[PDB]
Amino acid sequence: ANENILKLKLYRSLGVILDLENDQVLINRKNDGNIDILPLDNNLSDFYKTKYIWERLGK
Amino acid sequence: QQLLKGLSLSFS
Amino acid sequence: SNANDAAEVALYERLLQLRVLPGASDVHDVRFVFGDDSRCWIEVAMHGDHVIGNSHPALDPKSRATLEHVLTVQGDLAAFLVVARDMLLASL
């Protein structure tokens with residue numbers, strides 16, 4: 001599972017940051033000082049969370 | 001390009 | 001730690017529905033798999049013949065040419081994964 005370090009780098013290179021101390025995911029698409037915050041403590045479906053993240057990674 | 005290179009070396 | 005790394009990868013996989021696997025043709029190629037169910041995927045080779053390899057919903061040359069430019073010229077993996085995902089999802 002030594003590949004897991006590299007996978008995490010790839011994921012972080014997308015600008016998606018796990019922030020579990022705050023039970024949320026951060027999305028840094030522009031590096032402009034603005035973030036999208038996606039809470040995980042909610043009743044949002046997995047499908048909705050996935051659709052949202054890719055929407056924010058897009059244009 | 002270096003992130004895919006590292007993944008390829010690991011998978012190989 | 002190795003345990004925590006494995007746990008974070010699993011969450012990324014669930015959140016993005018994106019898994020990174022060895023390539024089914026050359027194990028050192030990288031296969032990006034989109035979706036719960038392997039519904040879409042595309043393979044990329046690092047320094048071989050084809051930069052963009054096979055993809056389950058096959059893609060036309062115009063689309064493949066666009067993906068190579070995003071990946072090789074622009075060097076933007078997020079952008080490549082975003083375009084590839086849209087392209088593959090739209091060819092299902």
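Order of the sequence lines fixes the chain letters, A, B, ..., with proteins taken first and strands second; residue numbering starts at 1 for each chain. Values below: every heavy atom of this structure, side chains too, minus hydrogens, waters and symmetry copies.
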field: Within residues 45-55 of chain A, residues adjacent to chain B where the heavy-atom gap is under 4.5 Å
entry: none

All side-chain hydrogen bond (donor to acceptor under 3.5 Å, both in side chains) counterparts of B:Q1, not counting sequence neighbours: none

- request: Give, as side chain, backbone, both or neither, the part of B:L4 having an atom under 4.5 angstrom from any heavy atom of chain A.
  value: side chain

A:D32 (side chain) donor-acceptor with A:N34 (main chain) under 3.5 angstrom: yes

N/O donor to acceptor pairs below 3.5 angstrom from side-chain atoms of residues 3-10 of chain A, sequence neighbours left out:
unit_1	atom_1	unit_2	atom_2	d
A:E3	OE2	A:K7	NZ	3.1
A:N4	ND2	A:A1	O	3.4
A:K7	NZ	C:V20	O	3.2

- request: Please tell me if the side chains of A:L26 and A:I37 come closer than 4.5 Å, counting only heavy atoms from C-beta onward.
  value: yes

query: Taking everything shown except A:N2 itself, do over 12 heavy atoms lie less than 6.0 Å from its CG?
result: no

- line: For A:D23, the side-chain hydrogen bond (donor to acceptor under 3.5 Å, both in side chains) test, sequence neighbours excluded, returns none

